[PDB]
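Descriptive structure summary
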Amino acid sequence: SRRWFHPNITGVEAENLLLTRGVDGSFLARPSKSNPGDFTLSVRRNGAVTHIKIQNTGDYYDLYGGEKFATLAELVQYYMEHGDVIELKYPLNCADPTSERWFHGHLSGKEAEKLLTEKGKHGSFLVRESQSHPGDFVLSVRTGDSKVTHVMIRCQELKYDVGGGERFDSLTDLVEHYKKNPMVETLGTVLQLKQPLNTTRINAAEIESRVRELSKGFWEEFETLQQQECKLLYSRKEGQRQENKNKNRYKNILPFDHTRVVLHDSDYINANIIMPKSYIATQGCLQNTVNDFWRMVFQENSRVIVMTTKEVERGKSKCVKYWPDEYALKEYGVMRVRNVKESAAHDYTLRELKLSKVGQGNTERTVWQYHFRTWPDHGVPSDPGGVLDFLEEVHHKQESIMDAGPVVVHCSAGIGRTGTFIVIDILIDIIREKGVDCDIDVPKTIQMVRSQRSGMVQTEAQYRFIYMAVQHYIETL
Ligand SMILES: Nc1nc2ccc(Sc3cccc(Cl)c3Cl)nc2[nH]1
């Protein structure tokens, strides 16, 4: 559901809501007003409201006095199923419809009809503020293969209704009810609420116009996408096994069982297959996971590794050195690696590595390691040029290699900068194959990658970087 997230609420409003409408164990999560980019977990315990900081600079959701999580929905689920104790028992539900995909706010019946004509199909819908009745709403549906129907939504004592029957405490409750139990028109027409009207899918050539519309917008679009993360709470059982605990960099940032990379000749690595050319999104190696990392690269026939972290950042180990020094030969378990040559560029270093299995002459292949070294400690690069140029080179290397396996992409936890690189690369690959005249949907593409690994793309800063990267790529064409 993800109803416990309140997007437009202050700390005082949150305390008031938990005191007057909540009980002990009641909680909500919201964006931090005193430091944008951060979040606050507001909890009621023994008659009083406490506020707990969640930070995210781009790698994970770091909860004060708690753990590091891939998403807020994953954090909430962990504490619900599990300096004294704070109990998360009861979500305080938000009635605000702003982050709902179908909510459009200020829109006319003429304009809603135009948008439903252009992008709509049978069962496409939206909810907008009423023109004639200020404070009321309008549900606009498309039916057929075709027509558009407008259903008036009355707001009477902050409860919503369609003229009769049930009175709902929020537009969400009304939308959910009439989605399960569709309204039938007198003459037979079933007003099916199949899917919300798409607004994010744009033609590639027109990216500059949307970036301008969102630069006035980016925050609202991202948060609508974040609201959809509750649909991606897939099982991560293999990652929770006792034998696999110390193979994870962050205890609760785990690979989905259905997409994890299974090792066949144990079977565990914290990595997932990303299918849009495919990728392996993984974490930075631990001392005890270097061998399994090389077994993964060898088994998957990967010929290209993208590393988007320094070994050490802010005096903390982000990835152990899994490759030999230049000209040196090392043995990592059954795997053998030679670092043939290192090439230094402005933003990155290329390492030409020869990988083979010990005792097997013929299994040798070149593995090209692209190590981006200039990504800032916090946030995203100011300009996308460097990232795009690095990515163009990586794409060309992979393209030149006959039957190359997935491209391996890693940072620290392997969800933020990793998620960001993979998404930019997916969107650009669409534009190089189709041209300026093609459709691109940034939130749709992210949602698709997020169903394959938790919290792929962590922040609004990264979200805006993906848009700026795409815009830059289209501009230099
Ligand atoms: N109005 C409006 N703004 C939005 C911002 C983000 C999203 S998320 C999304 C977008 C496309 C496809 C899929 Cl599958 C998803 Cl989940 N939907 C929105 N609708």
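About the criteria used
- Shown numbers run from 1 along every chain as its sequence is written, which may differ from how the entry numbers residues; residues without coordinates are omitted from display.
- As a rule here, side-chain values cover all heavy atoms of the structure and leave hydrogens and water aside.
- A helix here means a DSSP run of H or I that spans at least four residues, while a strand means a run of E at least two residues long, and both kinds are numbered starting from the N terminus.
- Note that the radius of gyration is over C-alpha atoms, with the globule rule given as 2.2 Å times the number of residues to the power 0.38.
- Residue exposure (1.4 Å probe, protein chains only): buried if accessible area is under 20% of the type maximum, exposed if over 50%, otherwise partly exposed.
- Charge counting follows a simple rule: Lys and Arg are positive, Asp and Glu are negative, and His as well as the terminal groups are ignored.
- In plain terms, the charge of a residue is placed at NZ if it is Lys, CZ if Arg, CG if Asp and CD if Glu.
- When a carboxyl oxygen of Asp or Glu is within 4 Å of a side-chain nitrogen of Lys or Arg, the pair counts as a salt bridge.
- To estimate the expected span of a helix, count its residues, drop one, and scale the result by 1.5 Å.
- Throughout, a contact is declared for two residues whenever any of their heavy atoms are within 4.5 Å.

Structure determination for this PDB entry was carried out by X-ray crystallography, with a resolution of 2.05 Å recorded in the header.

Some thoughts on the overall build of the protein chain
Scanning the protein chain from terminus to terminus reveals 11 helices and 26 strands. Taken over the C-alpha trace, the protein chain has a radius of gyration of 25 Å; the compact-globule value for 477 residues is 23 Å, and the two agree within 12%. Seen along its three principal axes, the alpha-carbon backbone of the protein chain occupies a region of about 80 × 60 × 40 Å. Counting the 477 residues in the protein chain, one finds 54% classified as buried. Taking the average place of the 62 positive charges on the side chains of the protein chain and the average place of its 64 negative ones, the gap between the two points comes to 3 Å.

Let's talk about the environment of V138
Checked against the element boundaries, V138 lands in strand β9 (residues 137-143). In sequence terms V138 and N93 are 45 residues apart; their C-alpha atoms lie 23 Å from each other.

Details of the pattern of salt bridges
Summed over all chains, the structure comprises 26 salt bridges. Here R417 ties to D59 by a salt bridge, and the two come within 3.8 Å at their closest N and O atoms. The salt bridge involving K341 is made with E326; its shortest N-O contact spans 4.0 Å. Placement of the pair is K341 in strand β22 (residues 335-344) and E326 in the loop between β20 (316-317) and β21 (329-332), with a sequence separation of 15 residues. Through salt bridges that share partners, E238, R241, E243, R260 and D267 make up one connected network.

Brief notes about helix α11 (residues 460-475)
If you check α11, its first and last C-alpha atoms are 22 Å apart, about what 16 residues at 1.5 Å a residue would give, namely 22 Å. In this structure, the buried side of α11 is in contact with α5 (207-214), α6 (218-226), α8 (385-399), α9 (417-434), β26 (439-440) and α10 (442-450).

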